[PDB]
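Chemist: Sequence plus experimental coordinates follow:
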Number of protein chains: 2
Amino acid sequence: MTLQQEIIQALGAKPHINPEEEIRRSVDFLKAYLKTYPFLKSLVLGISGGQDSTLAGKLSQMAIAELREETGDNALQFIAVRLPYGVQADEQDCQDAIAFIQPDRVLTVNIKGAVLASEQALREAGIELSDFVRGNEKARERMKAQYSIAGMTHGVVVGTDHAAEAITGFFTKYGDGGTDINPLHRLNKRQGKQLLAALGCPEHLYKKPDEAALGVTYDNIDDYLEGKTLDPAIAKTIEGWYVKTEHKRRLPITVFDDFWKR
Amino acid sequence: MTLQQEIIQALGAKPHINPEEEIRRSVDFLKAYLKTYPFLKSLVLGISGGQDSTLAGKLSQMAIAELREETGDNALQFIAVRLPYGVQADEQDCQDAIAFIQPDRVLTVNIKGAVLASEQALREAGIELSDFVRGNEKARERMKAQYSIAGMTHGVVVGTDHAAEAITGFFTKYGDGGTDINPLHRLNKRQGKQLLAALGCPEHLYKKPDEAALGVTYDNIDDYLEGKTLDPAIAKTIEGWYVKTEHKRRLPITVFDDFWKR
Ligand SMILES: NC(=O)c1ccc[n+]([C@@H]2O[C@H](COP(=O)([O-])OP(=O)(O)OC[C@H]3O[C@@H](n4cnc5c(N)ncnc54)[C@H](O)[C@@H]3O)[C@@H](O)[C@H]2O)c1
Ligand SMILES: NC(=O)c1ccc[n+]([C@@H]2O[C@H](COP(=O)([O-])OP(=O)(O)OC[C@H]3O[C@@H](n4cnc5c(N)ncnc54)[C@H](O)[C@@H]3O)[C@@H](O)[C@H]2O)c1
């Protein structure tokens, strides 16, 4: 088995998908999970106006709306959470995503105060954070906010992770990686677009140096996930990120694990 | 296979252990991991003066000290982090644990400002947190601080999780559960004490209504983990917590998972 085959199998990616089938698979997964744990009443999701959260938000609201009609349980709620860093105006993509999703509830939580407070406590301890590490700090504060909301609303936190994000480990460990249920896991980036098109999402919310990584485009990543043969330089770069970030796609390491050993 | 057998097997717990052997197993695991990823230079751990962090701290410092002597790499460092909630004096158990461990570096980060800032942002969004949810918030802020320190020191975050904590899911999801490497995983509570005794730890740092859960003592939990037959009421309570918290011991849920299905 080649490394490309191992990566594809681990992430569950397929060369082609039926969008209507995948929309239903995701919605029914969310519903079946909620029905298994009937004390759960909410799906919680950070929304930004980006492709991934717009898709996961639409699927989550559909799951809730259907289950609410079937069970008559008016306590069931989809909770969209805007998580801006600072009072930085109001973005149109996010507003358009909200109009499309029609969420039951929208909460807005400004994470800047907490991130700055974390930084000051570290500063007093003698540690000055870089801009790079502060980005991960922000992602962890967004995780924290969603978990606090879930904690107060019998909720679970929906994640936007999918194959085209996971392959390179291009997410923050216990930040946007810290979630409960991931309805987009298996899909590549262009496939996410096919689902949004099938759902009637406004094209400007998903229609596209813009690259996934240095010298690697999203078309490169999706082609790799679909089993295609790329330039060895592109494939090697993709494979290098996957191997480097194995720790992000596995549970904390114990004396029983062997995957990391040479 | 009974549920007790499944739990024991999943957590890796044994009826009896050789303390010297287990000390070495844990120390050598930490060293071998660091040698596999030679860009890593630090082990980072929150210390409180409690049994679990005192044990994981001593093992971590031994790993670093040995690897530093073997490789001559003076950049290798064990970083102990005090994480008080507020300027609440200086605790003797923590000071005694530091004296025993002799850590290379000790950092002190007051998490109260950030937790209060998180709470105020939620308050403005219309969400008032309960004391219970605030406890989980604090655990997540401690995670955040350790990850920021790791991010600035080529570090990995050591976790204190072990069988007697994991069985009931008595940890915060992505809080003290959010770690990189767990050298105590497999051990029950009394076994942790045997390792500390073998290491010459001051008895007051590990020698013991004080109960693990309602109507369940740590002796009950350890006996269950060692395969003993308890009162059905105690066993049922333990088994109920395990089943309820399966989600805490698994990766975010995807359409491919079947463990949660009835
Ligand atoms: N080309 C790109 O666009 C690109 C490239 C790299 C990273 N990313 C971005 O950077 C951010 C993530 O940065 P990150 O990965 O430095 O932060 P992270 O916090 O997600 O992961 C780093 C942390 O993981 C732990 N760790 C590191 N190596 C480990 C190992 N071998 N075993 C166990 N644990 C280990 C350490 O605690 C470390 O602090 C994301 O936003 C990501 O998308 C983007
Ligand atoms: N008897 C005791 O001493 C006792 C009893 C219970 C809890 N604990 C303590 O309480 C704290 C943890 O509380 P917690 O467990 O409420 O907080 P947590 O944040 O660790 O876990 C709750 C979160 O997990 C998610 N979740 C809940 N059910 C889920 C499910 N079925 N599937 C997927 N995700 C799900 C939700 O996001 C929820 O907000 C810890 O300090 C723990 O030790 C102690």
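Modeler: Thanks, I have it. Residues are numbered from 1 along each chain as shown, chains lettered A, B, ... in the order given. Ligands and ions are numbered 1, 2, ... in the order given.

Chemist: Test my guess that residue A:122 contacts residue B:144.
Modeler: No: with contact defined as CB atoms under 8 Å, residue A:122 does not reach residue B:144; the gap is 9.7 Å. All C-beta spots, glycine's among them, are computed from the backbone N, C-alpha and C.

Chemist: With neighbour numbers in mind, choose between these two.
Modeler: Comparing residue A:122 with residue B:144 by other CB atoms under 10 Å in any protein chain shown, the one with more neighbours is residue B:144, at 29 against 22.

Chemist: Touching, the more buried one and residue A:119? I think so.
Modeler: No: between residue B:144 and residue A:119 there is no contact, the gap being 10.6 Å when judged by CB under 8 Å.

Chemist: Chain A: strands as residue ranges?
Modeler: Using DSSP state E, the strands found in chain A span residues A:42-47, A:77-82, A:105-108, A:155-157.

Chemist: Would you mind reformatting those strands (as a markdown table) and adding columns for distance to residue B:257 and mean neighbour count while you're at it?
Modeler: Shown next, in a markdown table, are those (distance: least, CB to CB, whole Å; neighbours: other CB atoms under 10 Å in any protein chain shown):
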| stretch | distance to residue B:257 | mean neighbour count |
| --- | --- | --- |
| strand A:42-47 | 17 | 26 |
| strand A:77-82 | 22 | 23 |
| strand A:105-108 | 28 | 16 |
| strand A:155-157 | 14 | 24 |
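
Chemist: Ligand 1: which of these is closest?
Modeler: Nearest to ligand 1, of all the strands of chain A, is strand A:42-47, at 14.3 Å by CB to the nearest ligand atom.

Chemist: Against which helices or strands is that closest one packed?
Modeler: Where contact means 3 or more CB pairs under 8 Å, 6 or more residues apart in numbering or on different chains; DSSP states H and E, strand A:42-47 is packed against helix A:51-71, strand A:77-82, helix A:92-101, helix A:131-152, strand A:155-157.

Chemist: need the contact list for residue A:250.
Modeler: Residues near residue A:250 by CB atoms under 8 Å, 6 or more residues apart in numbering or on different chains: A:257, A:259, B:251.

Chemist: Name the member of those residues with the most neighbours.
Modeler: Ranking the contacts of residue A:250 using other CB under 10 Å puts residue A:257 first, with 16 neighbours.

Chemist: From residue B:36, how far out is that one?
Modeler: Going from residue A:257 to residue B:36 by CB to CB, to the nearest Å gives 12 Å.

Chemist: Dump the helices and strands packed on strand A:42-47 to JSON lines, plus distance to chain B.
Modeler: What follows is these, written out as JSON lines (distance: least, CB to the nearest CB, whole Å):
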{"stretch": "helix A:51-71", "distance to chain B": "12"}
{"stretch": "strand A:77-82", "distance to chain B": "8"}
{"stretch": "helix A:92-101", "distance to chain B": "15"}
{"stretch": "helix A:131-152", "distance to chain B": "4"}
{"stretch": "strand A:155-157", "distance to chain B": "8"}
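
Chemist: Surely residue A:106 is in contact with residue A:78?
Modeler: No: at 9.9 Å, residue A:106 does not count as touching residue A:78 under the criterion of CB under 8 Å.

Chemist: and the stretch 1-150 of chain A, which of its residues are near ligand 1?
Modeler: Within the stretch 1-150 of chain A, the positions adjacent to ligand 1 are A:135, A:136 by CB under 6 Å from any ligand atom.

Chemist: What spatial separation is found between residue A:258 and residue A:116?
Modeler: Residue A:258 is 42 Å from residue A:116, by CB to CB.

Chemist: Those two: which has the busier surroundings?
Modeler: residue A:116 (17 against 5).

Chemist: and the more buried one, what is it in contact with?
Modeler: residue B:117.

Chemist: what do you get if the cut-off is 10 Å, keeping everything else the same?
Modeler: A:85, A:86, A:134, A:137, B:113, B:114, B:117 (CB atoms under 10 Å, 6 or more residues apart in numbering or on different chains).

Chemist: residues contacting the first one?
Modeler: When you say that, I think you mean residue A:85. Residues in contact with residue A:85, defined by CB under 10 Å, 6+ apart, are A:110, A:111, A:112, A:115, A:116, A:134, A:135, A:138, A:141, A:142.

Chemist: Most neighbours among those residues, please name it.
Modeler: residue A:141 (28 neighbours).

Chemist: Closest to the centroid, which residue in chain A?
Modeler: residue A:160 (1.9 Å; CA atoms, centre = their mean).

Chemist: Surely it is in contact with residue A:26?
Modeler: No: judged on CB atoms under 10 Å, residue A:160 makes no contact with residue A:26 at a distance of 11.8 Å.

Chemist: joint contacts of those two?
Modeler: A:55, A:56, A:182, A:183, A:184, A:185.

Chemist: Tabulate the residues you listed (JSON lines), appending neighbour count.
Modeler: Listed next are the shared contacts of residue A:160 and residue A:26 as JSON lines, based on neighbours: other CB atoms under 10 Å in any protein chain shown:
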{"residue": "A:55", "neighbour count": "27"}
{"residue": "A:56", "neighbour count": "28"}
{"residue": "A:182", "neighbour count": "24"}
{"residue": "A:183", "neighbour count": "30"}
{"residue": "A:184", "neighbour count": "26"}
{"residue": "A:185", "neighbour count": "26"}
